[PDB]
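**Q** Please read through the structure below; I'll follow up with questions.
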Amino acid sequence: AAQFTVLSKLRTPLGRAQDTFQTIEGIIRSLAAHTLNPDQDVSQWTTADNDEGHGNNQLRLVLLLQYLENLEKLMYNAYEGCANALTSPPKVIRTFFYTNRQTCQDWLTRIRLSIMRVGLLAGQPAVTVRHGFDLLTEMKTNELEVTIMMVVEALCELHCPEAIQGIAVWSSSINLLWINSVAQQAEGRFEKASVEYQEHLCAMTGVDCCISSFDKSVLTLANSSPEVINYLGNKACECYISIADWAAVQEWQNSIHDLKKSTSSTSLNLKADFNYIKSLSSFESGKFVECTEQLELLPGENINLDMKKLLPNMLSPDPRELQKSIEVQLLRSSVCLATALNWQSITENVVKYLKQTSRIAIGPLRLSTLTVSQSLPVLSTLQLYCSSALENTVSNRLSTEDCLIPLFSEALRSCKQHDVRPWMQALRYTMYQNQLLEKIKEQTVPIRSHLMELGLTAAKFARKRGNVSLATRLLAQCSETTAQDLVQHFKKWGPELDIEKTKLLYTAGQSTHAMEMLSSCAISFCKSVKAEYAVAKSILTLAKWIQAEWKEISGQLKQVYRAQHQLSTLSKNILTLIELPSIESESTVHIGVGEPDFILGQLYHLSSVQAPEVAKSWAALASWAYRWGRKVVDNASXXXXXXXXXXXXXXXXXXXXXXXXXXXXXXXXXXXXXXXXXXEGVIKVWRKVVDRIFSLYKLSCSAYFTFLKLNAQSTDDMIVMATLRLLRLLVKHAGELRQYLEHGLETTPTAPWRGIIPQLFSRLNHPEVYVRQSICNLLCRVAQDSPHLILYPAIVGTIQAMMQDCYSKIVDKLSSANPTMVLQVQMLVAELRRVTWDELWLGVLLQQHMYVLXXXXXXXXXXXXXXXXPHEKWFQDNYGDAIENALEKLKXXXXXXXXXXXXXXXXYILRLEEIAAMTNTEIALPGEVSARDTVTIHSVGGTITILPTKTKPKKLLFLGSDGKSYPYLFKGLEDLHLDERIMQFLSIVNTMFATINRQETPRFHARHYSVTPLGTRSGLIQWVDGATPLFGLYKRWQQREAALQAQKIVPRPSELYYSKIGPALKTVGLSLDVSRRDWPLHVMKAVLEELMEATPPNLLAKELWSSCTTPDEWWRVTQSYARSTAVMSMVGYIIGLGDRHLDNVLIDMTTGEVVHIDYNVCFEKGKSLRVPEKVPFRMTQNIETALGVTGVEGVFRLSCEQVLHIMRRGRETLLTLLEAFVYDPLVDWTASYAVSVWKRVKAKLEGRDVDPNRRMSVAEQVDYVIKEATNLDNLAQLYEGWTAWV
Ligand SMILES: CCN(CC)S(=O)(=O)c1cc(Nc2nccc(-c3ccnc(-c4ccc(NC(=O)NC)cc4)c3)n2)ccc1Cl
Ligand SMILES: O=P(O)(O)O[C@H]1[C@H](OP(=O)(O)O)[C@H](OP(=O)(O)O)[C@H](OP(=O)(O)O)[C@@H](OP(=O)(O)O)[C@H]1OP(=O)(O)O
């Protein structure tokens, strides 16, 4: 319909060009006016004939909004045009829409205000948000406050606090400090939001509008126009209604009435039916007698004592009204059932009523599918489930398990992105059944356990958001306004309830009381029956809390330690907990280990021994032991004395004792030192003393092995770190703890060791004997049940003898199962290496000609001819005179003629048959790191294409078992060993975002491909499809502009830049002959400013907007793009990736993610080029505009801060991986440099990027990096090909 309207010059049968606009404007204005006052009764939009027309009304409104959006997209594409998204319309349509573009823009701007209201009424915040952003952008020159208010409300409905904060910061640069309150409310903090609302209203009105609430200090520690006043009041009322605080609602209403009477506002009025609130309060309180009377006044069908027309007439299409009606119907059915009970007497009608209610409640769910939303409403889903539960309980009388709500504790680890409102309805409908259970004599289902579990989960959710007021109520209800009140009121689900109470007390501020209660709970749990998930959790929480307040609890630990070798409540409680009867000795920790730190180790050890089935305790103990062991080892570089004295039967004794532990080939050095000092039992003494000062590593290794054995339950990032630490221990100190590794590596599984395979292969040349054998055995074992992981590297390395026997043994062990596959893969590798003649001859001739201006040339020619002796035969036959010509000329035009002929013949498409061809192969694809079921190659592409503007890249195509096309790309004469390590690093980094991705709509992921080397110079790089480069948009825009200017090829970036830098330099007094370094800064800045004023910044934003289908999809892709851009920018800044031109950045129109291509200029390599670059990443005008009207102050800044926090928290594993990459004999860094690169990366991660000793914070670092990447002083002095103006 939209296409027909646009293609028909707006001459639809509805009327003329202006008639359609007038009709749409009138309908939109009527809806907008009705939105302000519900008492309007809009014809054909608010009145229906039955329950079927109500859903149709909302459907029609949604369709109208979609039609308007499509119309706008088509008009924009008609007068401006797109690139690779929509086809260009005919010339007549473009010439007609180009002249009448101003009228269309004016009409859209005039109706945008009403469109926002209409979108808000239909429960479609995406439409109003997009329209608001467009309106704000168009207003570049008193309707500014209303627009911000509507956009803020819409964002709050979408649960996007980052966007709200960004808009607040953006608007602060133009009185509007109340936006932060809505931002906080969007996160689920109702108490803080309400308090802030009251404070703002009191400060803006002038009169005290505060109401009774919880302590302001405790609440904070835990977490002038009439329109603004009305909005704040309504928001506060809604906030109180959400937390189900009837008393607070009544107090707020009284305060509002008093304020209105004492201020004569005459414009403030709460838009909330108080009758419904009173009914809800009466129903929840158990007074059904008053509830029925209150319900008798609500509109709709009368209470049950006709079925199709249940909803009342004159109902607005607002989803809130529908939800209220559904809730009223459910309450009516519940009260009717309760009164009838105290079987087909009063059940024939209730069942029908509930059935109709359930059928009507499915409307929102069905509407959500009409658009690409990727999610379902929570309120509607819960209402439907509650209706179904009631329908089942009325017919079963609570006799089956289907009468309960499916909300279990499993949502704790999978529904962390929802507020506490979802559980309010569940608890409201569950308490009713619990109370009704007392009026049933027959056997029923156990609802007490379900009610307790549901209440506990809700309490945890409320506490996590700072809702102390609601959390206290839930805890009191499950257990059946001052800080001391909680302390004096709290101090199968027993352990969970106790832990929740302790957590609530700690969140309230009383940390000492919470810690003491947790210690007592742990003491009582240690003597329980199971004590599996309770003792470990309590000990871990207590240890974490103690670690947080280390400064304020340092004395208690010392006192406990002193008492243990010879006090406050916590001190004695911890002492009793540690001395609990069921490895660590004080003598070993007596050197280099602090007294209070030993308590943490004891706690971890006790938790591990008490709960050996959990992996968290083992990991914590291993980390603590490893850290302290490394510290004591680094800082270290009566029985012993008695043994030495007895074996040596005053200065001599002191010298011997000092030499025995001086700096513990070591045996020879010790013997020589002892002989030179004194002038054999010293060896035994040294061996016994070295083990004591080297015992923490043994415990760390044992704990790590045990933790890994349980993962054959934890995140991948938590396992990779352990594997890396174990490898480092086995590499650095191999002979000191070889006994533990000897049996440890002979029983560990191979599943968690598949993430450090390249490191294992690179560490196959360790100067040892058993270390090499152990690594080889581990790799061989890994080959079994998983041969597609070490197949390619082994065969590649096979084709010093240390790196030869291991490879031979690995290939021999891997070939004992499927020898045919091994031989076929070897043949394929050989063919690929041999398919990397004409090019070699051309290169040799060019090099010889360039170096000509002798014996070297003759030797090179002879060697090339000897090496070169389907396609080879043809080349040899057509160029068989090269040898004869060279021999004749040896005693030189032949070389020039051959080079010219080769160059002329060079100027693509090849064939696989001419350069063998297998089928039904069993060889794995090149790179299957993430593949549950390996896919074997089935065929090869018949033709191979070549790519220009490069050395020699060849694009191919492969087929798998599932008939899927997997293209690749060849790379010869260019080592790709560093790219593999970079990709591995990126994968490890992405693994850290697995936890944060469980409660966030935009996933934190960094797109990357897989690369595999085929020796020393060859290489196969994966091909990523579906991504479009950013340079295409600029090229298309240039072509469109040229075509438009022609009526009334395109220049390259270098030519365009020179056309502007020439005249400027000539006018300033200089010339083009001057060096680029000696160039004025003002000239470059002026040229850049003039160039940016010509390229519009909507090339990328409009592209993404036109590539979508519905507003929800547009919002989702926009958020995903912003998050992806922030993640990529932070990763590039940390690594130091440079040369990020438009051809090295690709955008995915399907999801909006950004992916890089050339990972060559990295590790701060662009600063040493001919034209150094100082910008950390690409923050061009188009990139900034594509992030929204806010820019870099909304989701971009918050995402960058979160990414930096994640990277800084786990920088140990990243540093270890980088160190391993440095000591890699297969990596060619030059193409002490590696040490410098590692030091730079470490400095960047530690926050000391540019500072002598000051450590910049995350916020400061983000601000400095953003400022350094956006200042015009750095973008002007850059390479021409970087395209800094687009
Ligand atoms: C419009 C023209 N294009 C953009 C230039 S494109 O190539 O044709 C194209 C590319 C993709 N995406 C894609 N996917 C996988 C790989 C590559 C790719 C392309 C070129 N070079 C490399 C490369 C080269 C060298 C190194 N290594 C070192 O430099 N030092 C060790 C690493 C990588 C990788 N690109 C999608 C569509 C299109 Cl059309
Ligand atoms: O209340 P819980 O359900 O037991 O959640 C806790 C904890 O919550 P608290 O921060 O309130 O103590 C953290 O939950 P999130 O902050 O991620 O939402 C989480 O990780 P952190 O403690 O590091 O923040 C993790 O604790 P841990 O990682 O130490 O195991 C978890 O504990 P459980 O997973 O054992 O339930």
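By order in the structure tokens, chains are A, B, ...; within a chain, residues start at 1; ligands start at 1, following the order shown.
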Find the residues near residue A:1093: any atom within 12 Å, counting only C-alpha atoms, skip ones fewer than 4 places away on the same chain, and give them as a JSON list (two decimals) with N, CA, C and O atoms, in the first residue's frame.

**A**
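Writing done, so here's out_31.json:
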```json
[["chain", "number", "residue", "atom", "x", "y", "z"],
["A", 1086, "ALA", "N", 41.36, 23.93, 8.00],
["A", 1086, "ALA", "CA", 40.37, 24.58, 7.15],
["A", 1086, "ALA", "C", 39.93, 23.64, 6.03],
["A", 1086, "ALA", "O", 38.74, 23.58, 5.70],
["A", 1087, "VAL", "N", 40.88, 22.91, 5.44],
["A", 1087, "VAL", "CA", 40.53, 21.99, 4.36],
["A", 1087, "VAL", "C", 39.62, 20.89, 4.89],
["A", 1087, "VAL", "O", 38.62, 20.53, 4.25],
["A", 1088, "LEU", "N", 39.94, 20.35, 6.07],
["A", 1088, "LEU", "CA", 39.10, 19.30, 6.65],
["A", 1088, "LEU", "C", 37.71, 19.82, 6.95],
["A", 1088, "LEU", "O", 36.71, 19.14, 6.70],
["A", 1089, "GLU", "N", 37.62, 21.04, 7.50],
["A", 1089, "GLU", "CA", 36.31, 21.61, 7.82],
["A", 1089, "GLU", "C", 35.50, 21.83, 6.55],
["A", 1089, "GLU", "O", 34.28, 21.59, 6.54],
["A", 1097, "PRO", "N", 26.18, 13.54, 7.07],
["A", 1097, "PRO", "CA", 26.43, 12.51, 8.09],
["A", 1097, "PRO", "C", 25.34, 11.46, 8.22],
["A", 1097, "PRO", "O", 25.38, 10.68, 9.18],
["A", 1181, "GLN", "N", 32.56, 11.40, 11.61],
["A", 1181, "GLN", "CA", 31.24, 12.02, 11.71],
["A", 1181, "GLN", "C", 30.12, 11.01, 11.48],
["A", 1181, "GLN", "O", 29.13, 11.00, 12.22],
["A", 1285, "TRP", "N", 36.97, 12.68, 6.48],
["A", 1285, "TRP", "CA", 35.79, 13.52, 6.29],
["A", 1285, "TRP", "C", 34.52, 12.72, 6.02],
["A", 1285, "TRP", "O", 33.47, 13.31, 5.76],
["A", 1286, "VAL", "N", 34.59, 11.39, 6.07],
["A", 1286, "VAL", "CA", 33.42, 10.56, 5.82],
["A", 1286, "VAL", "C", 33.54, 9.22, 6.54],
["A", 1286, "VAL", "O", 34.63, 8.67, 6.70]]
```

**Q** Residue A:45: which residues within 12 Å, counting only C-alpha atoms, same-chain residues fewer than 4 positions away excluded, as a list in words?

**A**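 Counting only C-alpha atoms, the residues come to residues 27, 28, 30, 31, 34, 35, 40, 41, 49, 53, 54, 55, 56, 57, 58, 59, 60, 61, 122, 313, 314, 315, 316, 317 and 318 of chain A.
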
**Q** Counting only C-alpha atoms and all ligand atoms, figure out which residue out of A:997, A:608, A:396, A:1224 gets nearest to ligand 2.

**A**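 Ranking A:997, A:608, A:396, A:1224 by distance to ligand 2, first place goes to A:997.
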
**Q** Name the residues, by chain letter and number, that sit within 9 Å of ligand 2 using only C-alpha atoms and all ligand atoms, and give them as a ChimeraX atom specification.

**A** /A:412-413,416,457,460-461,463-464,499-500,503,507,533,536-537,540-541,544,616,995-996,999

**Q** What would the file look like if the residues just selected were written as a compact mmCIF listing (two decimals), in the first residue's frame with N, CA and C atoms?

**A**
```txt
# COMPACT_ATOMS: atom_id res chain seq x y z
N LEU A 412 16.06 -17.16 38.54
CA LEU A 412 17.11 -16.36 39.16
C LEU A 412 18.32 -16.22 38.24
N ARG A 413 18.70 -17.29 37.56
CA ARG A 413 19.84 -17.28 36.66
C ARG A 413 19.46 -17.07 35.20
N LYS A 416 17.21 -12.15 34.98
CA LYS A 416 17.78 -11.05 35.74
C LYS A 416 17.56 -9.69 35.08
N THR A 457 12.16 -15.85 46.05
CA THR A 457 12.73 -15.36 44.79
C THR A 457 12.42 -13.88 44.61
N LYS A 460 14.58 -11.76 46.84
CA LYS A 460 15.93 -11.62 46.32
C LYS A 460 15.96 -10.59 45.20
N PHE A 461 14.96 -10.64 44.31
CA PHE A 461 14.89 -9.70 43.20
C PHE A 461 14.74 -8.27 43.71
N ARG A 463 15.64 -7.07 46.72
CA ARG A 463 16.86 -6.64 47.40
C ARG A 463 17.95 -6.28 46.40
N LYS A 464 18.04 -7.03 45.29
CA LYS A 464 19.07 -6.74 44.30
C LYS A 464 18.92 -5.34 43.71
N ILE A 499 20.31 -16.97 54.57
CA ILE A 499 21.26 -16.26 53.72
C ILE A 499 20.62 -14.98 53.20
N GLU A 500 19.34 -15.05 52.80
CA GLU A 500 18.66 -13.87 52.30
C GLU A 500 18.56 -12.80 53.38
N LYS A 503 21.92 -11.14 53.75
CA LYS A 503 22.20 -10.25 52.63
C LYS A 503 21.41 -8.96 52.77
N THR A 507 22.93 -5.20 53.06
CA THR A 507 22.55 -4.14 52.13
C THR A 507 21.99 -2.93 52.87
N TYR A 533 25.09 -27.02 49.21
CA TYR A 533 25.02 -25.70 48.60
C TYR A 533 24.81 -24.59 49.61
N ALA A 536 29.06 -23.96 51.59
CA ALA A 536 29.95 -23.34 50.63
C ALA A 536 29.52 -21.92 50.30
N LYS A 537 28.22 -21.71 50.08
CA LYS A 537 27.73 -20.37 49.76
C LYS A 537 27.95 -19.41 50.92
N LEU A 540 31.72 -18.62 51.21
CA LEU A 540 32.17 -17.75 50.13
C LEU A 540 31.69 -16.32 50.34
N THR A 541 30.42 -16.15 50.71
CA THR A 541 29.89 -14.81 50.93
C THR A 541 30.61 -14.13 52.08
N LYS A 544 34.06 -13.05 50.95
CA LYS A 544 34.00 -11.89 50.06
C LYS A 544 33.75 -10.62 50.87
N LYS A 616 33.47 -23.83 42.79
CA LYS A 616 33.85 -22.49 43.19
C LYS A 616 34.88 -22.51 44.31
N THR A 995 29.06 -14.12 31.03
CA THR A 995 28.26 -13.86 32.22
C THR A 995 27.41 -12.60 32.08
N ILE A 996 28.01 -11.50 31.61
CA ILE A 996 27.26 -10.26 31.45
C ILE A 996 26.21 -10.34 30.35
N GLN A 999 21.95 -11.07 31.22
CA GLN A 999 20.96 -10.10 31.67
C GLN A 999 21.08 -8.80 30.90
```

**Q** With only C-alpha atoms as the atoms that count, which of A:234, A:685, A:1010, A:331 lies nearest to residue A:432?

**A** A:331

**Q** Name the residues, by chain letter and number, that sit within 8 Å of ligand 1 using only C-alpha atoms and all ligand atoms, and give them as a CSV table (one decimal) with N, CA, C and O atoms, in the first residue's frame.

**A**
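To be explicit, this is the file written out as out01.csv:
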```
chain,number,residue,atom,x,y,z
A,947,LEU,N,41.7,-11.9,-6.6
A,947,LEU,CA,41.3,-10.6,-6.2
A,947,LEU,C,42.4,-9.6,-6.5
A,947,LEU,O,43.6,-9.9,-6.2
A,968,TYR,N,36.7,-19.5,1.3
A,968,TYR,CA,37.9,-19.2,2.0
A,968,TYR,C,38.8,-18.3,1.1
A,968,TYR,O,38.3,-17.7,0.1
A,969,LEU,N,40.0,-18.1,1.5
A,969,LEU,CA,40.9,-17.2,0.8
A,969,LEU,C,42.3,-17.6,1.0
A,969,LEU,O,42.7,-17.8,2.1
A,971,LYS,N,46.6,-17.0,0.9
A,971,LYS,CA,47.5,-15.9,1.2
A,971,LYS,C,48.9,-16.5,1.1
A,971,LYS,O,49.3,-17.3,2.0
A,974,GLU,N,53.1,-14.3,2.7
A,974,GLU,CA,52.7,-13.5,3.8
A,974,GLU,C,52.4,-14.4,5.0
A,974,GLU,O,51.5,-15.2,5.0
A,975,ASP,N,53.3,-14.3,6.0
A,975,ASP,CA,53.1,-15.1,7.2
A,975,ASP,C,51.8,-14.7,7.9
A,975,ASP,O,51.5,-13.5,8.1
A,976,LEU,N,51.0,-15.7,8.3
A,976,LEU,CA,49.7,-15.5,9.0
A,976,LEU,C,49.8,-16.1,10.5
A,976,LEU,O,48.7,-16.4,11.0
A,977,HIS,N,51.0,-16.2,11.0
A,977,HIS,CA,51.1,-16.8,12.4
A,977,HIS,C,50.6,-15.8,13.4
A,977,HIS,O,50.0,-16.3,14.4
A,978,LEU,N,50.8,-14.5,13.2
A,978,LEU,CA,50.3,-13.6,14.2
A,978,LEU,C,48.8,-13.4,14.2
A,978,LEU,O,48.2,-13.1,15.2
A,979,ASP,N,48.2,-13.5,13.0
A,979,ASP,CA,46.8,-13.4,12.9
A,979,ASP,C,46.1,-14.5,13.7
A,979,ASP,O,45.0,-14.2,14.3
A,1009,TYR,N,37.0,-13.7,12.4
A,1009,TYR,CA,37.0,-14.9,11.6
A,1009,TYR,C,38.2,-15.8,12.0
A,1009,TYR,O,38.9,-15.5,13.0
A,1021,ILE,N,42.5,-18.1,5.0
A,1021,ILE,CA,41.7,-17.2,5.8
A,1021,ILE,C,40.2,-17.4,5.5
A,1021,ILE,O,39.8,-17.5,4.3
A,1022,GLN,N,39.4,-17.5,6.6
A,1022,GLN,CA,38.0,-17.7,6.4
A,1022,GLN,C,37.4,-16.5,5.8
A,1022,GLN,O,37.9,-15.4,5.9
A,1023,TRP,N,36.2,-16.7,5.1
A,1023,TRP,CA,35.5,-15.6,4.4
A,1023,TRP,C,34.2,-15.4,5.2
A,1023,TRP,O,33.4,-16.3,5.4
A,1024,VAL,N,34.0,-14.1,5.5
A,1024,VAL,CA,32.8,-13.7,6.2
A,1024,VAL,C,31.8,-13.0,5.2
A,1024,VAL,O,32.1,-12.0,4.6
A,1025,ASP,N,30.6,-13.6,5.1
A,1025,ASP,CA,29.6,-13.1,4.1
A,1025,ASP,C,28.5,-12.4,4.9
A,1025,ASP,O,28.4,-12.5,6.1
A,1026,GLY,N,27.8,-11.6,4.1
A,1026,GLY,CA,26.7,-10.8,4.7
A,1026,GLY,C,27.1,-9.4,5.2
A,1026,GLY,O,26.3,-8.7,5.7
A,1027,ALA,N,28.4,-9.1,5.2
A,1027,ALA,CA,28.9,-7.8,5.7
A,1027,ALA,C,29.3,-6.9,4.5
A,1027,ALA,O,29.9,-7.3,3.5
A,1028,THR,N,28.8,-5.7,4.6
A,1028,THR,CA,29.1,-4.7,3.5
A,1028,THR,C,30.1,-3.6,4.0
A,1028,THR,O,30.0,-3.1,5.1
A,1029,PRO,N,31.1,-3.3,3.2
A,1029,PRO,CA,32.1,-2.3,3.6
A,1029,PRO,C,31.5,-0.9,3.7
A,1029,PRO,O,30.5,-0.6,2.9
A,1031,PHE,N,32.9,1.9,2.7
A,1031,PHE,CA,33.3,2.7,1.5
A,1031,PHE,C,32.2,2.6,0.4
A,1031,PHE,O,32.2,3.5,-0.4
A,1032,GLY,N,31.5,1.5,0.4
A,1032,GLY,CA,30.4,1.4,-0.6
A,1032,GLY,C,29.4,2.6,-0.5
A,1032,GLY,O,28.9,3.1,-1.6
A,1143,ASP,N,37.6,0.6,4.0
A,1143,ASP,CA,37.6,-0.7,3.5
A,1143,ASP,C,37.9,-1.8,4.5
A,1143,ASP,O,37.8,-3.0,4.2
A,1144,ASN,N,38.4,-1.4,5.7
A,1144,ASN,CA,38.7,-2.4,6.7
A,1144,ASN,C,37.6,-2.5,7.7
A,1144,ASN,O,37.8,-3.2,8.8
A,1146,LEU,N,33.4,-3.4,8.2
A,1146,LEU,CA,32.2,-4.0,7.6
A,1146,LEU,C,31.1,-3.9,8.5
A,1146,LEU,O,31.3,-4.1,9.7
A,1157,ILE,N,38.7,-6.1,9.3
A,1157,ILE,CA,39.3,-7.1,8.3
A,1157,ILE,C,40.8,-7.3,8.4
A,1157,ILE,O,41.2,-8.4,8.6
A,1158,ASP,N,41.6,-6.2,8.2
A,1158,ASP,CA,43.0,-6.3,8.2
A,1158,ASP,C,43.6,-6.1,9.5
A,1158,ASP,O,43.7,-5.0,10.0
A,1159,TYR,N,44.1,-7.2,10.2
A,1159,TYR,CA,44.7,-7.1,11.5
A,1159,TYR,C,46.2,-7.1,11.3
A,1159,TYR,O,46.9,-7.9,11.9
A,1160,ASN,N,46.8,-6.2,10.5
A,1160,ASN,CA,48.2,-6.1,10.3
A,1160,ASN,C,48.9,-5.0,11.1
A,1160,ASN,O,49.8,-5.2,11.8
A,1161,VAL,N,48.4,-3.8,10.9
A,1161,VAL,CA,48.9,-2.6,11.7
A,1161,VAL,C,48.3,-2.6,13.1
A,1161,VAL,O,47.3,-1.9,13.3
```

**Q** Would you pick out the contacts of residue A:986 at 10 Å or less, using only C-alpha atoms, so that residues sharing its chain but fewer than 6 positions from it are not included, and give the list as a list in words?

**A**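 Residues near the query, excluding close chain neighbours: residues 980, 1005, 1006, 1007, 1008, 1009, 1131 and 1135 of chain A.
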
**Q** Export, as a PDB file, in the first residue's frame, the selected residues with N, CA, C and O atoms.

**A**
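What ended up in part_3.pdb:
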```pdb
ATOM      1  N   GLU A 980      46.592 -15.693  13.734  1.00  0.00           N
ATOM      2  CA  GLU A 980      45.971 -16.759  14.513  1.00  0.00           C
ATOM      3  C   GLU A 980      45.988 -16.407  15.993  1.00  0.00           C
ATOM      4  O   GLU A 980      44.991 -16.599  16.700  1.00  0.00           O
ATOM      5  N   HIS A1005      29.620  -8.837  22.025  1.00  0.00           N
ATOM      6  CA  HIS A1005      30.403  -9.743  21.201  1.00  0.00           C
ATOM      7  C   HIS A1005      31.216  -8.971  20.173  1.00  0.00           C
ATOM      8  O   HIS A1005      30.799  -7.918  19.686  1.00  0.00           O
ATOM      9  N   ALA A1006      32.386  -9.520  19.850  1.00  0.00           N
ATOM     10  CA  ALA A1006      33.312  -8.943  18.883  1.00  0.00           C
ATOM     11  C   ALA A1006      33.443  -9.934  17.733  1.00  0.00           C
ATOM     12  O   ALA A1006      34.037 -11.005  17.896  1.00  0.00           O
ATOM     13  N   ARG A1007      32.885  -9.580  16.579  1.00  0.00           N
ATOM     14  CA  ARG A1007      32.948 -10.455  15.416  1.00  0.00           C
ATOM     15  C   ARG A1007      34.385 -10.654  14.954  1.00  0.00           C
ATOM     16  O   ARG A1007      35.195  -9.723  14.955  1.00  0.00           O
ATOM     17  N   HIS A1008      34.697 -11.885  14.553  1.00  0.00           N
ATOM     18  CA  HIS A1008      36.029 -12.233  14.083  1.00  0.00           C
ATOM     19  C   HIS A1008      35.931 -13.496  13.242  1.00  0.00           C
ATOM     20  O   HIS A1008      34.944 -14.232  13.308  1.00  0.00           O
ATOM     21  N   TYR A1009      36.969 -13.736  12.448  1.00  0.00           N
ATOM     22  CA  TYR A1009      37.050 -14.897  11.576  1.00  0.00           C
ATOM     23  C   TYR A1009      38.195 -15.798  12.031  1.00  0.00           C
ATOM     24  O   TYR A1009      38.908 -15.502  12.993  1.00  0.00           O
ATOM     25  N   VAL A1131      38.456  -2.640  22.247  1.00  0.00           N
ATOM     26  CA  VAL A1131      39.401  -3.713  21.950  1.00  0.00           C
ATOM     27  C   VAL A1131      40.540  -3.182  21.090  1.00  0.00           C
ATOM     28  O   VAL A1131      41.715  -3.486  21.332  1.00  0.00           O
ATOM     29  N   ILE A1135      44.482  -3.175  22.166  1.00  0.00           N
ATOM     30  CA  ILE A1135      45.468  -3.870  21.344  1.00  0.00           C
ATOM     31  C   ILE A1135      46.374  -2.874  20.632  1.00  0.00           C
ATOM     32  O   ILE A1135      47.600  -3.033  20.611  1.00  0.00           O
TER      33      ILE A1135
END
```

**Q** Find the distance between atom CA of residue A:960 and atom CA of residue A:916 and write it in Å to one decimal.

**A**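 Separation of atom CA of residue A:960 and atom CA of residue A:916: 17.5 Å.
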
**Q** Need to verify the contact set: residue A:1122, 8 Å, only C-alpha atoms, exclusion of same-chain residues closer than 3 positions in sequence. Can you return it as a list in words?

**A**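 With the cut-off at 8 Å, the set is residues 1118, 1119, 1125, 1126, 1187, 1195 and 1196 of chain A.
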
**Q** With N, CA, C and O atoms kept, could you save the residues just selected as a compact mmCIF listing (two decimals), in the first residue's frame?

**A**
```txt
# COMPACT_ATOMS: atom_id res chain seq x y z
N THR A 1118 19.87 -0.73 16.25
CA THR A 1118 20.61 0.46 16.65
C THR A 1118 21.36 0.20 17.95
O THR A 1118 22.55 0.54 18.07
N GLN A 1119 20.69 -0.41 18.93
CA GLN A 1119 21.34 -0.69 20.20
C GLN A 1119 22.48 -1.68 20.00
O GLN A 1119 23.57 -1.52 20.57
N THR A 1125 30.01 -1.34 18.31
CA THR A 1125 31.00 -0.33 17.99
C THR A 1125 31.83 0.01 19.22
O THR A 1125 33.05 0.17 19.14
N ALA A 1126 31.18 0.12 20.39
CA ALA A 1126 31.91 0.44 21.60
C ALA A 1126 32.89 -0.68 21.96
O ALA A 1126 34.05 -0.41 22.32
N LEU A 1187 25.08 6.65 15.92
CA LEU A 1187 24.81 6.25 17.30
C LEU A 1187 23.58 6.93 17.89
O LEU A 1187 23.16 6.56 18.99
N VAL A 1195 24.65 5.25 25.26
CA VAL A 1195 25.02 3.85 25.42
C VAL A 1195 26.48 3.59 25.08
O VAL A 1195 27.08 2.66 25.63
N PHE A 1196 27.08 4.41 24.22
CA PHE A 1196 28.48 4.22 23.84
C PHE A 1196 29.42 4.36 25.03
O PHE A 1196 30.26 3.49 25.28
```

**Q** Go through stretch 756-959 of chain A and collect every residue that DSSP, computed from the backbone, puts in strand (DSSP E); the answer should be as a ChimeraX atom specification.

**A** /A:939-940,945-946,954-956,958-959

**Q** Okay, now the selection with C-alpha atoms, as a compact mmCIF listing (two decimals), in the first residue's frame?

**A**
```txt
# COMPACT_ATOMS: atom_id res chain seq x y z
CA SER A 939 33.50 -31.23 -2.97
CA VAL A 940 35.61 -28.29 -4.15
CA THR A 945 38.66 -16.38 -8.54
CA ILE A 946 41.51 -13.91 -7.96
CA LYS A 954 42.58 -16.29 -4.37
CA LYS A 955 38.95 -16.87 -3.40
CA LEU A 956 37.54 -20.41 -3.41
CA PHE A 958 33.84 -25.50 -0.38
CA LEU A 959 30.86 -27.76 0.22
```

**Q** Need the shell around residue A:69: protein/DNA/RNA residues with any atom at most 9 Å away, counting only C-alpha atoms. Skip same-chain ones fewer than 3 positions apart. Format as a VMD selection string?

**A** chain A and resid 64 to 66 72 to 74 127 1110 to 1111
